[PDB]
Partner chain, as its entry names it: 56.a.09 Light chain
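Here you get one chain, nothing else, as structure tokens; it is the form solved without the partner chain.
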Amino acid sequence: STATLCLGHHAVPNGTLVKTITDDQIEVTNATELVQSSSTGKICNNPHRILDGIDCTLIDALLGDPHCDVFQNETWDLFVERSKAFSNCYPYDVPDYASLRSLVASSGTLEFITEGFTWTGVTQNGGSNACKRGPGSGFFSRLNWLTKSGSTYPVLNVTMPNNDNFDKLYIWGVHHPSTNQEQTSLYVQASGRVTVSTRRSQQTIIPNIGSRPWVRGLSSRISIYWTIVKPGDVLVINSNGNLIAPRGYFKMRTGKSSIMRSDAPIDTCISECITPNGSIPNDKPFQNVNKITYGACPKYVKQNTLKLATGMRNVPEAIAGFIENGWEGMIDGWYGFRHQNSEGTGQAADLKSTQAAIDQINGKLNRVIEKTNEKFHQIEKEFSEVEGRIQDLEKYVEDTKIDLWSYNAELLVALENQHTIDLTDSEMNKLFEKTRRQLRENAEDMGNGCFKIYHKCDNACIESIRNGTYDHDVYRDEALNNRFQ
């Protein structure tokens, strides 16, 4: 009479295919997708403060477009700028539009403190029929269209010191009229000038008296410039004409605020990661939704699928063990022992090796990857305009980052899956050689992941081999007589 102890591992009929260093496509028992390929479709408004620019750009809310009067003094961690947005005030252009938009977005607040500028000998609060405030004519609420008073426009020259402890942002402008008649009617001088200076900075702009396309009934423009006044510094606005003055300063801050062009609707939910396609869950280490991200988002990768083997290698199917096949009928644990003796066939898992493999497998990826990279303000990555050098450089930087992180994700998945598979085979072989070392001369490796044990082995003794208390010398005198004789 002899016994048989086969060592084995769990298998599943539902084998998931993964990628490794050594195999293009290998079948494992379980796998987790690391690439968030689909979004919720909606921008969840927590924990980040989401400001919906329903029909307003950021610059139109800054300047005070009347339909953006509902954005006076609004703060945000993300400004969602809709493609539906339009302007309904005096036609304007921002030289260096993207820089102003970016610094106002990172500022995270349109907190406008009005200041007592003493514009003397000049008519304030100029207006236009291209911005009906409500009824009648108006203008940007955060600007002051100055025009001649009587028969002259003096050389305006005012100062404003920054005695506070923060950067002030002064949004000013220059009026480019259409005709010299319009110039000399608004500003008596034949060609104006707007200088705005600090102790360390300068901008001087000569207006551009020339006609141009009719936008809301005007062949004139406002060229919007800005000036950042540091603490202790001082602003000076000098002007010979064509000045669109500021009424005050925008309280600059520095923080996690940003801006995002999106058309997805906001919804009352919770999500750390926001994309133009909506909020996504940050549970996975990579994504494929969009490269434009805000918050604790995963990394963007070109790959649409990257399956990490969070389980072992699958070999789905005389009680032969692991050298031949894996066991489908073992859910008690990962690695285990089947056994055949006179007291009846049976099975029992080994939670030691199972729990070792799970302890190594449960926390694999989170010890070579980041928490979830919190990126709040980044470069622009979707361009509507054609600009050339700086746009191509931004595109190239982002494409470089994307290709590098895609390669890193591919190599990481391959390495971690190869290590998972070698680790699980290692635990199986370690259990095998452990049981070999318990059965010094009382057993023989049959070659199918199984020990033929040459003494009568009741289920108590099979359990003794399973749990490690098996003393070989009790049965040695019998097993040698059954092996070599």
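Residue numbers count along the first chain shown, from 1.
What follows is about the form solved in complex with the partner chain, which we do not show.
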Pick from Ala296, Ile358, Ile266, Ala85: which has a non-hydrogen atom within 4.5 Å of the partner chain in the deposited complex? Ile358
Ok, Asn290, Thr354, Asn325, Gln340: which has a heavy atom sitting within 4.5 Å of the partner chain in the deposited complex? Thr354
Looking at the partner-bound form in the deposited complex, is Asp332 within 4.5 Å of the partner chain by any heavy atom? yes
Using a 4.5 Å heavy atom cut-off, state whether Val188 contacts the partner chain in the deposited complex. no
Taking 4.5 angstroms as the cut-off for heavy atoms, does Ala348 touch the partner chain in the deposited complex? yes
Work out which of the listed stretches, 108-116, 332-340, 125-133, 270-278, brings a heavy atom within 4.5 angstroms of the partner chain in the deposited complex. 332-340
